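Engineer: Here you go, one structure.
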Amino acid sequence: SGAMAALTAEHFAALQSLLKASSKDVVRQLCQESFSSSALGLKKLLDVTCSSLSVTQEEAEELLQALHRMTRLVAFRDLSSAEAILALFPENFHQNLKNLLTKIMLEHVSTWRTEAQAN
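Read in order, the letters of the sequence shown correspond to residues -3 to 115 in the deposited numbering.
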């Protein structure tokens, strides 16, 4: 329990793998797929994640778990301002990656919150 209370050190470490992405669009799509997927269904995204980011299977799994948690937390708590989302992050997390993730959360939170709160 408390899954929605915080992202863990392992989550934040895993999200840093997104700096290997070849474009911002890859990050966007990984956020959307990780949200829509159940945690137990994230294994279905491993091959495309490994192949797109050139990461290990373990890096991909940890990343996908982190994105799944972050996007669900944003939806569950209705974190719908940059202020609210920025509050999740450590000071020692890459600033422009954080800003990108915040941007992407804001692009989807209204739809995500509706989808999640319906279920």
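We treat Cβ as the ideally placed atom computed from N, Cα and C, and that holds for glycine.
Quick one: is the Cβ of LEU69 within less than 7 Å of any heavy atom of the ligand ZN?
Structural biologist: Within the structure as shown, the ligand ZN is missing, as the structure has no ligands at all.
Engineer: Restricting to Cα atoms, I'd like to know which of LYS99, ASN92, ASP21 is closest to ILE81.
Structural biologist: For the purposes of this step, residue 81 is taken as residue 85 along the sequence shown, with counting starting at 1. Of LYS99, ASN92, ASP21, the residue nearest in Cα terms is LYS99.
Engineer: On a CA-only basis, which of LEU15, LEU59, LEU3, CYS27 is nearest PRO86? Give me that one, please.
Structural biologist: Residue numbering aside, residue 86 sits at position 90 when the sequence shown is read from its first letter. Comparing Cα positions, the closest option is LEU3.
Engineer: Hey, quick one: how far does the alpha helix (DSSP H) through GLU6 stretch, first residue to last?
Structural biologist: Numbered from its first residue, the sequence shown carries residue 6 at position 10. Where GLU6 is concerned, the enclosing alpha helix (DSSP H) stretches over 5 to 11.
Engineer: Reducing DSSP to helix, strand and coil, say where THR98 ends up.
Structural biologist: For this step, residue 98 is matched to residue 102 along the sequence shown. Helix at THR98.
Engineer: Please confirm if the stretch 46 to 63 is in contact with the stretch 4 to 21, defined as three or more CB-CB distances below 8 Å between the two stretches.
Structural biologist: yes
Engineer: I'd like to know whether the C-beta of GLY37 is nearer than 8 Å to at least one C-beta of chain C.
Structural biologist: Included in the structure is just one protein chain, with no chain C present.
Engineer: Kindly list the residues whose CB is nearer than 7 Å to the CB of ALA112, restricted to its own chain and excluding five residues on each side of it in sequence; keep chain order.
Structural biologist: Against the sequence shown, residue 112 aligns to sequence position 116. Hits under 7 Å: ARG68, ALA71, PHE72.
Engineer: One question on the structure: do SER48 and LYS40 come within less than 8 Å of each other, judged by their Cβ atoms?
Structural biologist: Counted from its first residue, the sequence shown places residue 48 at position 52. Counted from its first residue, the sequence shown places residue 40 at position 44. Not a contact, by the Cβ cut-off of 8 Å.
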